[PDB]
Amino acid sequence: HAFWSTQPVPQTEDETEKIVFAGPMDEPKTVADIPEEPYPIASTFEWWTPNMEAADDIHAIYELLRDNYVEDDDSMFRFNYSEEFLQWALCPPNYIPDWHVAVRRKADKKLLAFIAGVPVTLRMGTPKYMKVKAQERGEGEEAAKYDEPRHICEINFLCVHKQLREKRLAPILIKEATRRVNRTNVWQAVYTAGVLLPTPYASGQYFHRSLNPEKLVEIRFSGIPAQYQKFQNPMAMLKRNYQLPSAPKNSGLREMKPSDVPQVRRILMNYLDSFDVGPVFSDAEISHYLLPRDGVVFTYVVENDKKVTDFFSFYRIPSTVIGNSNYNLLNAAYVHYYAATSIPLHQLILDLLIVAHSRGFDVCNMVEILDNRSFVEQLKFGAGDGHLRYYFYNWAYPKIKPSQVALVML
């Protein structure tokens, strides 16, 4: 690892396994110690900070990701994050525009690479159980040192043009992004990836709940499981197995609206503070991340006797179906944040599935963070072949189960 061997991250699993306290990797620094000038690059390339209040700029990023962002190992599906989605994801309250870092070609101003950082406030102190192991050694003082939430950077949408792959461009992007974050006096970041890098503090497998199995089989996202072949019409029985009620079972379920924001913030933060790693949200950020938004984020509440008691949200990311004969797009819903006080979690997520299905989604996707693992079987989710790995930059963190992670990454 010619690049990651130089960075302040735990370098191996044997080393992450032997970590028992949260805290930084690198000795302190100041803004003064960080270069003022952007890092140098090829003569035909320049750095470009896009303006996310301008549809031209958003459009140029959209096209780069649409054609060059994450594909599956078979090159059959590729994320097609929408423009509305990108403006939502990249511009939460207090976002910093200088954290959105691009390289374009001088000659024709063509977008060639991208990486985005947005600020988040994250609890990232010693996990509860490692703290118990610590209170026993009288080391409680060290274990609790970094328990207060920290304002850090969340990195996403790293992307290099297919025609420029393997020219060490991503390390220059990563470094220039680090620089700009450091000049802002931020020293930690959180990020996720489907690939193994040095070194995750958690990993969760992906799970999928089929909503339109016929289409999913047609485009070869899924197949017909062998035991359906004992039927005269396997596809009919597969559809029956995945069939859903026509409308929600929970009366009192309604779309979220702005007046709901403080009660949703209350119940969410009670649920989220249960977990070792989880975000801390103000009313503004709750509003930004949960309030319905057409084609992007969908959020519903259970109102019992005037009070909000439960809620769920999901977000939409279609994927390009790469050269298919009947289909352009896979329409996928992704379980977002949620909270249950009045009903079992699986009864609440069953209404998420019913709503997603009625709004035309083909599949419901999730990672086994939060308590997602606990309803996989009750709700006929299938296990996928990929995992999402959680990483910290410049933060030593003990290994934890994904069910102790509460940060949903877009």
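Start at 1 with the first residue shown and count on from there.
Q: Report the stretch with the higher mean CA temperature factor, choosing between 342-350 and 26-34 on the basis of the entry.
A: The deposited B-factors put 26-34 ahead on the C-alpha mean.
Q: Determine, for stretches 199-207 and 135-143, which one has the higher mean CA B-factor as deposited.
A: That would be 135-143.
Q: In terms of CA temperature factor as recorded, identify the highest of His336, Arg316, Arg78, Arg168.
A: Top of the list by C-alpha B-factor: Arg168.
(Q) So if I compare the CA B-factors in the entry for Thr192, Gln188, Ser251, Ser82, which one is the largest? (A) Out of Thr192, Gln188, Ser251, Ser82, the record gives the largest C-alpha B-factor to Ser251.
Q. What third of its chain, lowest, middle or highest, does the C-alpha temperature factor of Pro50 fall into?
A. Tercile = middle for this residue's CA B-factor.
Q: Report the third (lowest, middle or highest) to which the CA temperature factor of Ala406 belongs, ranking only the modelled residues of the same chain.
A: Bottom third by C-alpha B-factor.
Q: Just say lowest, middle or highest third for the CA B-factor of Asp362 relative to the other modelled residues in its chain.
A: Tercile = lowest for this residue's CA B-factor.
(Q) By the recorded C-alpha temperature factor, relative to the other modelled residues in its chain, which third is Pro127 in? (A) According to the entry, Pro127 has a C-alpha B-factor in the chain's middle third.
Q: Divide the modelled residues of the chain into thirds by Cα B-factor and specify which third, lowest, middle or highest, holds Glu368.
A: For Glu368, the deposited C-alpha B-factor lands in the lowest third.
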